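The structure appears right after this line, and notes come after that.
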Amino acid sequence: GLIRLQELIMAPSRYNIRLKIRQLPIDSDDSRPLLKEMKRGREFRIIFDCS
Amino acid sequence: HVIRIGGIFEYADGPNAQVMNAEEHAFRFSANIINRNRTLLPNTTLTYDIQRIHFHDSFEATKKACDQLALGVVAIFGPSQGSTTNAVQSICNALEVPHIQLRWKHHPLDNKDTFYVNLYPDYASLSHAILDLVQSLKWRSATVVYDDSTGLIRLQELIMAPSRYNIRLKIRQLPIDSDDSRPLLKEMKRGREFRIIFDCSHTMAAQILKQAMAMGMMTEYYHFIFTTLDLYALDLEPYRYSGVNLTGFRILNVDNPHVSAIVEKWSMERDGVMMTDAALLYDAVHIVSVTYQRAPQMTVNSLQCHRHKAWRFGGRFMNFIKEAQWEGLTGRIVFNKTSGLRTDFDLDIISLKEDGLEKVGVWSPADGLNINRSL
Amino acid sequence: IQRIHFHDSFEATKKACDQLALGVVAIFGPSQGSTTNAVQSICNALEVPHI
Amino acid sequence: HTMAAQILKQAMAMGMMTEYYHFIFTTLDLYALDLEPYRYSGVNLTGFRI
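Residue numbers (the authors' numbering), protein chains in the order written: chain A, 153 to 203; chain B, 3 to 272, 285 to 385, 402 to 405; chain C, 52 to 102; chain D, 204 to 253.
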């Protein structure tokens, strides 16, 4: 995904935007620890590309 | 009793190219001086083979490997391109052959393959050593500057590191379109930048030296981070007297007098410092040498590509390989046996004086840095 | 049409040499890019395009 | 001019080619060896012309 969107990673040259970065651990699919981490972030404007 | 390995190198005009690299130089050099080292193998003779191919082709080295197995070679080291080492690893694992590797390539756990190792350092351990560095710098603002698109994957650990250790960050690429990033450097001086990390080629590192020298961006207000070990080609007497805080890395035991003497004899033989890639070559030769020495007698055979002939003790000698314990030029060499791949390795931390460059710290994946009376 | 497994360059390399010995004009490769790098190599080597 | 080139070499070598440094250059043969490496440092600077 990095090489899929590194310009979108390097986007904030043209705009005042900050961002978190979250790889899904592909080891399994129970993201509920990572979901509670997102809950600690409690964020609302997030990009998603996966299967 | 004679044994023979092979080797495949990419060049400009392939077999019709002319100049040997220093890797072929060190290849013949190391192999012939360890044949001279009569500590190695009294009755057994180690010979070798060198193939020249072009850059960026799998099929060239495919034919070369089919030639080497039509001969039947006792060991095989790996090529440069990922597209090569794809098919190399495929036919190696398919035909009970080990694939010795040197560079980083992408490695899927989904591609459950076995018969290979790599001499390349695990980037997660590298990035975590850098994390140890910058938390020792106690920084809360930084900027990512990088040469090629590959280092983003190779540094995505450090990219995630602002999560558990909050730090401001800007992310920009060194443009490969020309030999110039000076207007970006003008942006960086306007970017108010003092905390910048650098991974690139030694050639691009020399471009950095030249430009940041010429930009007026050699300031003592700068404390900058450098990944590759290849400062030894590069002069620093135009640089080390400007007061710029700076940090290089090392994995090699230069501080071994023995290894330094190996470099000393190497220095007469084409600044005049033995390549890290040549050190990797020497270590790969010596680990395969030790794993061959540990084993009893086996069946050196010739097998064919279009058929399905696989050499029976290939798994046995793979068990010899992946479970080896060797103290190399870089020092301790040990694998993640879940992967069979070297992920454990120490990092010498070095930095500069007006005197010159000097070792300032160590690193490990386990731990890391270590520097009667009356009232 | 050749049914192959995942994640093997040499498998589709053999089958690519098979469809070359056949002689094919539209080249409909695998999912694994690391597999089909050699396919593109032999396509560009033997004067034939690649899809 | 030779020792002036020595000045440029040493303040180059010491990294004292700074924008916080403002230069009073006097003799007429300033141009002699190349000044363009010293150009893009970004200093304040002054010369003379006759």
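Just so it is clear, CB atoms sit at the ideal spot from N, CA and C, and this is done for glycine as well.
Nearest-angstrom Cβ-Cβ length linking B/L171 and B/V146, presumed shorter than 8 Å: Stepping through the second sequence from its first residue, residue 171 of chain B is reached at position 169. Stepping through the second sequence from its first residue, residue 146 of chain B is reached at position 144. Confirmed, about 6 Å.
Continuous beta strand (DSSP E) stretch holding B/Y148: start and end: What you label residue 148 of chain B is simply residue 146 of the second sequence in a count that begins at 1. Its beta strand (DSSP E) spans residues 145 to 148.
Within 9 Å, strictly: CB atoms of B/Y306 and B/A77: The residue labelled residue 306 of chain B in the question sits at position 292 within the second sequence. The residue labelled residue 77 of chain B in the question sits at position 75 within the second sequence. Their beta carbons are under 9 Å apart, which means B/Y306 touches B/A77 by this criterion.
Whole-angstrom distance between D/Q209 and B/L254, CA atom to CA atom: Position 252 of the second sequence holds residue 254 of chain B. Position 6 of the fourth sequence holds residue 209 of chain D. Distance between the alpha carbons of B/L254 and D/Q209: 38 Å.
Own chain residues within Cβ distance below 7 Å of B/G80, not counting five before or after: Locating residue 80 of chain B in the second sequence gives position 78, where the first residue counts as 1. Contacts found: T87, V90, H101, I102, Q103, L104.
8 Å contact criterion, which A/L154 and B/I155 should meet: CB distance rounded: Residue mapping note: residue 154 of chain A aligns to position 2 of the first sequence, counting from 1. Residue mapping note: residue 155 of chain B aligns to position 153 of the second sequence, counting from 1. Confirmed, about 6 Å.
Opening and closing residue of the beta strand (DSSP E) in which B/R184 lies: In the second sequence, the residue the question calls residue 184 of chain B occupies position 182. Where B/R184 is concerned, there is no enclosing beta strand (DSSP E), although the alpha helix (DSSP H) it sits in stretches over 184 to 192.
Whole-angstrom distance between B/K114 and A/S203, CA atom to CA atom: As a first step, residue 203 of chain A is located in the first sequence; it is residue number 51 there, counting from the start. As a first step, residue 114 of chain B is located in the second sequence; it is residue number 112 there, counting from the start. Each residue's alpha carbon lies about 21 Å from the other.
Separation of B/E12 from D/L238, as counted between CA atoms: Counting from one through the fourth sequence, the residue named residue 238 of chain D turns up at place 35. Counting from one through the second sequence, the residue named residue 12 of chain B turns up at place 10. About 42 Å.
Of the listed residues B/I5, B/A28, B/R6, B/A19, nearest to B/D297 (C-alpha basis): Position 283 of the second sequence, counting from 1, holds the residue named residue 297 of chain B. Taking only the C-alpha atoms, the option nearest B/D297 is B/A28.
Among C/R54, C/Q53, C/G84, C/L71, the one whose alpha carbon lies nearest that of C/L97: In the third sequence, counting from the first residue as 1, residue 97 of chain C sits at position 46. Checked all of C/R54, C/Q53, C/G84, C/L71; the closest Cα to C/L97 is C/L71.
Alpha carbon of D/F251 to alpha carbon of B/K367, nearest angstrom: Indexing the fourth sequence from 1 puts residue 251 of chain D at position 48. Indexing the second sequence from 1 puts residue 367 of chain B at position 353. Straight-line Cα distance between these residues: approximately 38 Å.
Buried or exposed by the 16-neighbour rule on C-beta atoms within 10 Å, applied to B/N39: Locating residue 39 of chain B in the second sequence gives position 37, where the first residue counts as 1. It counts as exposed.
Cβ neighbour criterion (16 or more within 10 Å) applied to B/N95: For the purposes of this step, residue 95 of chain B is taken as residue 93 along the second sequence, with counting starting at 1. So B/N95 ends up on the buried side.
The segment 52 to 60 of chain B touching the segment 3 to 23 of chain B, judged by at least three CB pairs closer than 8 Å: yes
Interface residues of chain B facing residue 10 of chain C [CB-CB closer than 9 Å]: Absent from the model: residue 10 of chain C. The displayed extent of chain C is 52 to 102, so no value can be given.
Amino acids of chain B, ordered along the chain, whose beta-carbon sits closer than 7 Å to that of D/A216: Indexing the fourth sequence from 1 puts residue 216 of chain D at position 13. Those within 7 Å of D/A216 in chain B are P240, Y243.
Contact list for B/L154 against chain A, beta-carbon separation under 9 Å: Within the second sequence, residue 154 of chain B is the residue found at index 152, counting from 1. Result: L154, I155, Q158, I161.
Beta carbon proximity, B/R272 to chain A, threshold 9 Å: On the second sequence, position 270 is the one that residue 272 of chain B refers to. Not closer than 9 Å to any Cβ of chain A, the Cβ of B/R272 fails to qualify, so no.
Chain-ordered chain A contacts of B/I173 [CB-CB under 7 Å]: Position 171 of the second sequence, counting from 1, holds the residue named residue 173 of chain B. Within 7 Å Cβ-Cβ: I161, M162.
Helix, strand or coil at C/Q91 according to DSSP, with G and I counted as helix: The count along the third sequence starts at 1 and reaches residue 91 of chain C at position 40. The answer is helix: DSSP assigns C/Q91 an H, G or I state.
Helix, strand or coil at B/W340 according to DSSP, with G and I counted as helix: Taking the first residue of the second sequence as position 1, residue 340 of chain B is located at position 326. Correct three-state label for B/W340: strand.
When B/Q213, B/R403, B/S316, B/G375 are compared against B/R6, the one with the closest alpha-carbon: The count along the second sequence starts at 1 and reaches residue 6 of chain B at position 4. When only C-alpha atoms are compared, the closest one is B/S316.
Counterpart residues of B/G345 in DSSP-defined beta bridges: Here residue 345 of chain B refers to the residue found at position 331 when the second sequence is read from its first residue. B/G345 is not bridged to any residue.
Cβ-based burial, B/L294 [other Cβ within 10 Å; buried from 16]: Position 280 of the second sequence, counted from the start, is the residue given in the question as residue 294 of chain B. Classification for B/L294: buried.
Length at least 4, wholly inside the segment 297 to 380 of chain B: the alpha helix (DSSP H) runs in chain order: 328 to 336
Through-space distance from B/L111 to B/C68, alpha-carbon basis: In the second sequence, the residue the question calls residue 68 of chain B occupies position 66. In the second sequence, the residue the question calls residue 111 of chain B occupies position 109. Taking the straight line joining both Cα atoms gives about 27 Å.
Neighbour list for B/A96 in chain C, Cβ cutoff strictly below 9 Å: Residue numbering aside, residue 96 of chain B sits at position 94 when the second sequence is read from its first letter. Near B/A96 (Cβ distances below 9 Å), the residues of chain C are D59, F61, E62.
Bridge partner(s) assigned by DSSP for A/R174: Position 22 of the first sequence, counting from 1, holds the residue named residue 174 of chain A. DSSP output for A/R174 lists no bridge partner at all.
Which of helix, strand or coil DSSP assigns to B/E26: By one-based count along the second sequence, residue 26 of chain B stands at place 24. Helix.
B/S138 beta carbon less than 9 Å from that of B/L383: If you number the second sequence from 1, residue 383 of chain B lands on position 369. If you number the second sequence from 1, residue 138 of chain B lands on position 136. For the 9 Å CB-CB criterion, B/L383 and B/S138 form a contact.
Contact set between B/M190 and chain D, taken where Cβ atoms lie within less than 8 Å: The residue given as residue 190 of chain B occupies position 188 in the second sequence. Those do not exist, as B/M190 stays about 12 Å from chain D at its closest Cβ, beyond 8 Å.
Contacts around D/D232, its chain only, beta-carbon distance under 6 Å, and the 5 residues preceding and following it disregarded: The count along the fourth sequence starts at 1 and reaches residue 232 of chain D at position 29. Once the five neighbours on either side are set aside, the close Cβ partners of D/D232 are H204.
Interface positions of the segment 7 to 18 of chain B facing chain C (Cβ-Cβ less than 9 Å), listed along the chain: none
Nearest candidate by alpha-carbon position, reference B/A216, set B/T357, B/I227, B/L187, B/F331: Taking the second sequence and counting its residues from 1, one reaches residue 216 of chain B at position 214. Looking only at B/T357, B/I227, B/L187, B/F331, the smallest Cα-Cα distance to B/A216 is reached by B/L187.
Exposed unless 16 or more other CB atoms sit within 10 angstroms - verdict on C/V75: As a first step, residue 75 of chain C must be located in the third sequence, where it is residue number 24. Exposed.
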